[PDB]
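The block underneath contains the structure these notes are about, expressed in structure tokens.
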Amino acid sequence: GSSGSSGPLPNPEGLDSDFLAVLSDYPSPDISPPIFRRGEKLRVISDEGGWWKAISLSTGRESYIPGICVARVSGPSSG
């Protein structure tokens, strides 16, 4: 039972990160299981040319998907 200790949050609590909304679940159900279902929001972890790394704020799965498969989110509407 790891004891450890609770410290400060990782979030930059100042600079917002780039989010990418899954335009279409990927990969396809014919090649592999989709790590980020459509409509799912993901946080931009790293940018590598046309392909970047992101993680789902719902499941917390780290995977690499093509920007085309996702959409650069700007912000909410109802608040």
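Every residue, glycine as well, gets a Cβ built from its backbone with ideal geometry; the counts of neighbours run over all protein chains shown. Rule-based calculations on the coordinates, nothing more; no lab input.
Below, the figures for the structure above:
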{"item": "Mean separation of Cα contacts under 8 Å (6+ apart) over length of the chain, as relative contact order %", "result": "28 percent"}
{"item": "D18-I45 pseudo-label distance in nm [points 7 Å out on the Cα-to-Cβ vector]", "result": "1.6 nm"}
{"item": "Net lengthening on full extension, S28/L57 (0.36 nm per residue, minus Cα-Cα)", "result": "8.4 nm"}
{"item": "Unit charges on C-beta of K, R, D, E only; dipole of the chain, Debye", "result": "160 debye"}
{"item": "Sparsely packed GluC sites (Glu not before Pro) within the stretch 3-55, loop by DSSP, other Cβ within 10 Å at most 11", "result": "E13"}
{"item": "Coarse-grained scattering of the chain at q = 0.12, 0.20 Å⁻¹, given as base-10 log I(q)/I(0) from a Debye sum over alpha-carbon atoms", "result": "-0.41, -0.90"}
{"item": "Length added when fully stretched, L9-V73, from 0.36 nm per residue minus Cα-Cα", "result": "20.7 nm"}
